[PDB]
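What follows is a single structure, written as structure tokens, with notes after it.
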Amino acid sequence: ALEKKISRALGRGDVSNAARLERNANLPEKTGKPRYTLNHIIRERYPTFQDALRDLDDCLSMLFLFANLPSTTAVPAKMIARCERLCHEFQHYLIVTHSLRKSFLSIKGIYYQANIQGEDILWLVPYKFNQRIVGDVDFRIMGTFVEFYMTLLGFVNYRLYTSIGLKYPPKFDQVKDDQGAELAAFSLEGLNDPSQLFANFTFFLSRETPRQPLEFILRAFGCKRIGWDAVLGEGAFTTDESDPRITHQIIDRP
Amino acid sequence: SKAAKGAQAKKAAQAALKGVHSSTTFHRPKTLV
Amino acid sequence: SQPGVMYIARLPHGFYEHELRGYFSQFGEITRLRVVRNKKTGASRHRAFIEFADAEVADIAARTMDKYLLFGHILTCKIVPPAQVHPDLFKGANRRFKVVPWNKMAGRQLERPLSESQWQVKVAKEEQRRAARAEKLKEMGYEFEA
Amino acid sequence: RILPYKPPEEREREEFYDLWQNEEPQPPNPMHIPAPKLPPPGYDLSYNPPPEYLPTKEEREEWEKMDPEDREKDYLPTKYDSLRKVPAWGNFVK
Amino acid sequence: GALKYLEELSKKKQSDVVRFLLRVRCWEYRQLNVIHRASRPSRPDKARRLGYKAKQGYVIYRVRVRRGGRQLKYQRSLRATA
Amino acid sequence: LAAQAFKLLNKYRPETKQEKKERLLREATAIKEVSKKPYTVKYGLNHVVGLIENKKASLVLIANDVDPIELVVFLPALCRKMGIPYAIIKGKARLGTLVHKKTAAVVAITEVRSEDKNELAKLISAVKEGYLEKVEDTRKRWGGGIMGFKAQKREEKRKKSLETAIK
Amino acid sequence: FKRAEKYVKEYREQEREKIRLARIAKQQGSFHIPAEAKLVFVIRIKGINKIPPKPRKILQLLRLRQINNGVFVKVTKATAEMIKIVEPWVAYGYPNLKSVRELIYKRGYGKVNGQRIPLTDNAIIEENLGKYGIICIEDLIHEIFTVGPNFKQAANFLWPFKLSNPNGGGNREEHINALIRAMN
RNA sequence: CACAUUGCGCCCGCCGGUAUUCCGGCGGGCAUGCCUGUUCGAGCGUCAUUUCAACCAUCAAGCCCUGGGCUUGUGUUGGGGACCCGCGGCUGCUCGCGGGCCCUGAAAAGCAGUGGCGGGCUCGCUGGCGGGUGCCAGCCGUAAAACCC
């Protein structure tokens with residue numbers, strides 16, 4: 001009914017009333033959030049945080065894929081940005097808690113397995129390329145799935161951060177976001193075997209290495225002193241490759 | 001020839017004055033209840 | 001074979017040769033066309049003559065675009081009777097009227113050097129021009145030397 | 001009783017909770033049929049797998065020639081010398 | 001003053017315009033039902049003069065009754081029957 | 001002509017209820033913490049007829065699909081008698097969406113701003129020439145009688161069924 | 001059917017491109033930009049229908065033929081001249097690193113034998129380029145962002161980015177980043 | 001719903017019996033005309049829909065005798081009136097270039113005249129060469145160049 005009223009006003013020429021009815025309609029195209037509140041649906045589908053953690057598998061698979069994917073009408077640019085933000089926040093929780101356990105590289109991408117509250121959680125992240133969209137691939141179905149799992153992961157991150165004690169949502173700065181901080185754009189403040197492997201080391205990443213996966217792994221298992229080339233983005237501990245206080249350096253050039 | 005020219009002129013006139021925009025049985029449509 | 005002449009007046013600025021050709025060739029087939037422009041400056045005098053192949057087409061076009069409001073200009077489209085069409089009216093039709101810098105030509109003609117022996121016999125002639133000035137200044141009472 | 005006028009620019013300038021706040025265990029209904037989890041990744045999938053898994057050139061030719069949606073497995077193992085040489089999967093989104 | 005213009009026009013009933021309108025409108029009413037809801041007054045001046053207001057609650061219904069007599073004459077009117 | 005008239009009248013459309021409430025709230029807030037005469041399109045049969053009889057309306061636009069027609073059947077004659085330029089536009093919904101209603105039977109332009117006085121005068125000239133000359137040619141004659149093939153054939157059938165032998 | 005209104009409209013428009021091009025030609029170097037060799041993204045958008053021959057050729061050279069295209073160009077003197085010429089039909093600005101990453105990853109393609117190929121493997125990257133030392137997509141990003149000696153070849157390799165209409169969203173400096181976010 | 005038999009339908013929910021499917025029971029509902037409103041519609045009923053918009057320099061650069069001034073920033077509807085001028089040609093009559101005065105709705109009924117460079121078109125000769133062209137929404141001022149490629 002609201003959409004019919006918006007079209008009715010637009011066909012009359014009342015642009016101000018059309019805009020007011022649109023902000024009442026709360027389109028995802030502008031909001032960046034799902035069109036409908038699905039809180040009660042998530043609550044009834046998963047009456048337990050354990051069940052939420054058990055479907056968090058497909059939740060993360062969806063969200064990482066659509067955080068990497070280009071923008072369409074079914075899933076807008078702001079919604080993709082929110083997907084990326086939620087994935088990065090979940091990655092920060094994993095880094096802080098050292099919940100990440102095992103990893104794998106395949107012709108399919110990269111597999112991550114973590115353990116949150118006794119539940120094994122797997123997901124596949126594609127390699128940073130231009131993923132092909134060929135054939136009769138319908139993004140509206142995947143858009144509905146994306147909205148559901150965005151709400152689900154948002155509530156999951158809230159509960160995780162509240163349980164650990166850190167405040168949710170983490171502060172996020174558009175300046176470093178634009179300058180390309182990716183995971184380095186979030187500062188985590190509080191509220192008022194795993195972490196030893198690379199702890200007392202210092203790592204540098206060359207321009208030919210996967211920055212997001214390598215950084216996720218190293219932050220999850222300890223390395224607190226990581227740098228990379230300026231092209232890779234902000235947040236590097238040291239940008240100068242000449243700096244002699246670097247222990248290990250990653251190369252994939254012939 | 002002459003008929004074609006007259007038809008083209010009349011079509012242009014109509015476009016200038018009015019613009020360019022211009023089973024079988026019946027059942028009650030199922031509306032929302 | 002009945003040619004048809006239409007006179008179009010109160011033309012908006014920018015309703016020139018090619019625009020006229022396109023529009024009235026959408027209406028029909030244009031054989032000849034000539035806007036009226038000033039020789040001094042290449043500016044339209046806001047009227048033009050279009051000579052169509054078909055008289056019926058000309059009549060239809062005039063009836064459709066007679067009192068048309070275009071850019072604050074109520075056009076004037078009227079068919080000229082064949083008895084009143086002056087035989088050489090489309091003398092510069094289908095040609096490209098050019099804008100001549102007459103002032104710039106007169107200038108560089110003035111600064112073009114030339115032997116001023118004739119200009120000095122003309123100095124004598126402009127001295128008799130000064131004689132005419134003197135005779136009109138006798139009523140004035142102003143005497144001037146050379 | 002009513003708010004005062006406020007300019008549109010200021011209006012535009014001006015304009016989370018725990019879902020399981022009261023969480024209690026619930027009996028599992030017997031009509032629910034959960035979707036099976038995807039099988040873990042195997043030794044075939046890695047970009048540099050053990051060399052015994054790799055197919056021969058003739059088997060690769062047959063695999064590429066035979067039509068899609070007709071295979072036992074939707075992939076063949078492939079050894080790559082480096083991650084930069086590892087390419088993007090063609091059927092990820094599909 | 002449009003209502004005054006309509007008042008004079010309705011006084012001129014056999015005039016050409018009013019006769020034409022009454023003919024084509026009589027054909028419509030004969031095609032419709034004997035009693036039907038009229039969306040709006042067909043004679044707005046007469047309606048407003050008799051007390052019709054454009055509020056929510058004022059309805060106009062149109063009715064056709066057979067004319068003539070029963071040689072006995074009915075004491076009430078066709079208006080009363082309608 | 002419809003497009004030009006509606007350009008001017010869209011420039012002079014009246015305020016919506018939301019806009020009027022916003023304006024009144026603005027002045028109320030200003031008073032808590034001297035204007036010129038507004039110029040808008042006039043609508044409503046009684047208001048417009050009053051303007052026409054008082055010669056305040058400079059331009060009149062009358063919808064063609066008014067039913068009962070008797071509400072506007074006199075308007076062209078009244079405008080011609082009073083000397084006010086008028087035109088008949090296809091649309092009481094077009095006219096009513098020009099105003100902020102569902103249907104306007106007639107609208108009028110009485111006074112415009114100085115920035116649009118020349119535009120209004122040019123529209124008056126255009127309307128009066130390019131519409132009133134043709135309607136003066138054909139407005140006193142009867143309409144209708146657009147008999148098609150079926151109607152004409154039915155009428156030769158009737159004439160040959162009546163005028164030949166018996167009546 | 002084309003209308004006389006439109007005919008007069010393009011006539012007056014073309015008159016104004018003629019006048020504007022005359023001013024630019026006579027005050028060659030009109031754009032008062034400090035001398036810096038940096039990157040600007042240029043997006044071909046909707047404008048006036050009849051493009052004069054010189055802007056048409058400049059758009060042909062910059063590969064901004066179709067509406068909503070995107071090209072990376074280094075700010076030289078000839079480039080500044082060309083952008084000032086084709087200003088009405090383009091929106092240009094200074095890209096940031098996140099925009100460069102998103103454009104090259106999400107909507108990045110490659111040109112081979114005059115054929116569009118998506119940037120799906122560093123193999124094709126190092127086969128087309130690489131004789132210049134471009135082994136990977138992030139090396140291409142390095143050249144484009146920190147413009148190097150081989151920016152010309154990097155740009156010619158990258159096919160123009162075919163963006164999408166803004167889904168509810170001259171020199172614009174850093175706000176072209178918002179525009180790229182909207183169309184990407 | 002039904003001579004009303006304590007019988008039979010349909011929707012939502014619940015209870016008890018081996019119960020997700022079965023049986024029985026229970027609770028809340030399902031008449032017609034009409035009014036106001038909501039929402040979903042139908043109509044070879046009527047209309048609109050190929051967008052007449054803004055888009056120079058709301059100040060810049062160079063200077064001088066240091067603080068004011070100067071320079072450059074090319075942008076004008078058309079037509080008419082035995083009216084008043086200045087300068088170029090014309091044996092001369094006069095015709096041009098620019099002003100002074102007045103009139104007119106963004107008004108309008110042949111008056112078209114100045115020499116070229118390139119490109120398009122076309123014809124002849126041996127891809128090439130030479131001629132023409134009321135053609136250039138290309139330029140310039142008399143050669144020619146630029147544009148072009």
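The basis for the numbers below is simple: all heavy atoms, side chains too, and nothing from hydrogens, waters or symmetry mates. Per chain, numbering begins at 1; letters A, B, ... match sequence-line order.
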Selection from H:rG75, H:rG88, H:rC52 that lies nearest to any side-chain heavy atom of G:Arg23: H:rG75

Test ring pair (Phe, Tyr, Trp, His ring centres under 6.0 Å) applied to C:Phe52 - qualifying residues, sequence neighbours left out: none

Between P of H:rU51 and CG of F:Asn10, the distance in whole Å: 17 Å

Base pairing of H:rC30 with H:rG9 (Watson-Crick or G-U, both distances under 3.5 Å): yes

Pair present between H:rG86 and H:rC97, Watson-Crick or G-U, 3.5 Å cut-off: yes

Pair of N/O donor and acceptor under 3.5 Å linking H:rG78 base with C:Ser44 side chain: no

Touch class at under 4.0 angstrom, heavy-atom based, for C:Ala43 against every strand present: sugar-phosphate

5' priority, RNA chain H, between C:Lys125 and C:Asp88 [closest heavy atom]: C:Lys125

G-U wobble or Watson-Crick pair formed by H:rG78 and H:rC1 (both under 3.5 Å): no

Nearest-neighbour nucleotide for the G:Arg16 side chain, H:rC56, H:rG105, H:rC97 considered: H:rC56

Chi-based syn or anti call at H:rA144, which uses purine or pyrimidine torsion atoms and a 90° bound: anti

Rounded distance in Å - CZ (C:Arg32) to P (H:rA112): 18 Å

Between C:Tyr68 and G:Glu5: side-chain donor-acceptor atoms closer than 3.5 Å: yes

Test ring-ring contact (aromatic ring centres under 6.0 Å, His included) applied to C:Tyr23 and G:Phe1, step by step: CA-CA 9 Å; C:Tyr23 198 75; G:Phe1 185 76; 5.6 Å; yes

Nearest-angstrom distance, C1' atom, H:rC90 to H:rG96: 11 Å

Side chains of A:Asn17 and A:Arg8, donor plus acceptor under 3.5 Å: no

C:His13 ring over H:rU77 six-membered base ring, under 5.5 Å and 30°: no

For atom NZ of E:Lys53 and atom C1' of H:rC35, their distance in whole Å: 20 Å

H:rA112 sugar pucker (north/south) via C1'-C2'-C3'-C4': south

Side chain of C:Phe97 (C-beta onward), nearest among H:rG141, H:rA60, H:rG113: H:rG113

Syn/anti label of H:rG134 as read from its glycosidic torsion, with the cut at 90° from 0: syn

C:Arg10 side chain near H:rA108 phosphate (N/O to OP1/OP2, under 4.0 Å): yes

Every protein N/O lying under 3.5 Å from an N/O of nucleotides 38-44 of chain H:
residue : atom : partner : partner atom : Å
H:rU39  : OP1  : A:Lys5  : NZ           : 2.8
H:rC40  : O2'  : B:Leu32 : N            : 3.2

Canonical Watson-Crick or G-U pair H:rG79-H:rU51, 3.5 Å limit on both distances: no

Base stack present between H:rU66 and H:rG67, cut-offs 5.5 angstrom and 30 degrees: no

Spacing between C:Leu33 atom CG and H:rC135 atom P, to the nearest angstrom: 14 Å

Pair flag H:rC87 x H:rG96, Watson-Crick or wobble criteria, under 3.5 Å: yes

Same-atom distance (P) from H:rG134 to H:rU122, integer angstrom: 16 Å

Out of H:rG37, H:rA137, H:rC97, whichever nucleotide has its closest atom nearest the side chain of C:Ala106: H:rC97

Length of the line joining C:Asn38:CG and H:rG78:P, which is rounded to integer Å: 8 Å

Residue whose closest nucleotide on RNA chain H lies nearer the 5' end, E:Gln56 versus G:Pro53: E:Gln56

Whole-Å gap separating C1' (H:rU77) and NZ (C:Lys40): 19 Å

H:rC70 and H:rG62 as Watson-Crick or wobble pair, distances under 3.5 Å: yes

Donor-acceptor under 3.5 Å (C:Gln26 side chain, G:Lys2 main chain): yes

Minimum-distance nucleotide (side-chain atoms of C:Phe71 versus H:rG78, H:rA53, H:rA137): H:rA53

Between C1' of H:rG78 and CZ of C:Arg37, the distance in whole Å: 13 Å

Short side-chain N/O contact to H:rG113 OP1/OP2 from C:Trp102, under 4.0 Å: no

Pair E:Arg62-E:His36, side-chain donor/acceptor within less than 3.5 Å: yes

Backbone of C:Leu70 reached by a side-chain donor or acceptor of F:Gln4 within 3.5 Å: no

Between F:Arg13 and F:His100: side-chain donor-acceptor atoms closer than 3.5 Å: yes

H:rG124 and H:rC129 base-paired, Watson-Crick or G-U, both contacts under 3.5 Å: yes

Exercise: identify the closest heavy-atom pair between C:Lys40 and C:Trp102: O-CD1, 3.7 Å

Syn/anti state for H:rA137 [syn: chi within 90° of 0]: syn

Nucleotide nearest C:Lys122 when distance is taken to its side chain, options H:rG88, H:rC111, H:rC52: H:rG88

Partner check H:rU18 against H:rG75: Watson-Crick or G-U, both under 3.5 Å: no

Heavy-atom closest contact (G:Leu62 atom, G:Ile83 atom, distance): CD1-CD1, 4.3 Å

Verify stack between C:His46 ring and H:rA108 base, 5.5 Å, 30 degrees: yes

Whole-angstrom distance between H:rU58 and H:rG62, as gauged at atom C1': 22 Å

Protein-to-nucleotide contact annotation, 5' to 3' order, nucleotides 144-149 of chain H [B base; S sugar-phosphate only; - none; under 4.0 Å, heavy atom]: -----S

Which nucleotide in H:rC97, H:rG79, H:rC47 has an atom nearest any side-chain atom of F:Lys90: H:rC47

Adjacent bases H:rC64, H:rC65 meet stacking criteria of 5.5 Å and 30°: no

Proximity to the side chain of C:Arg47 - top-ranked nucleotide from H:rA109, H:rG92, H:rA137: H:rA109

Partner check H:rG17 against H:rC22: Watson-Crick or G-U, both under 3.5 Å: yes

H:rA4: syn or anti, per glycosidic angle within 90° of 0: syn

Pair flag H:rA107 x H:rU77, Watson-Crick or wobble criteria, under 3.5 Å: yes

Between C1' of H:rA137 and NZ of G:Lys6, the distance in whole Å: 17 Å

Sidechain-backbone polar pair: D:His32 side chain, D:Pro30 backbone, donor-acceptor under 3.5 Å: no

Short side-chain N/O contact to H:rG116 OP1/OP2 from C:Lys98, under 4.0 Å: no

Distance-minimising heavy-atom pair for F:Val72 and F:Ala63: CG2-O, 4.4 Å

Chi-angle category of H:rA112 [syn within 90° of 0, anti beyond]: syn

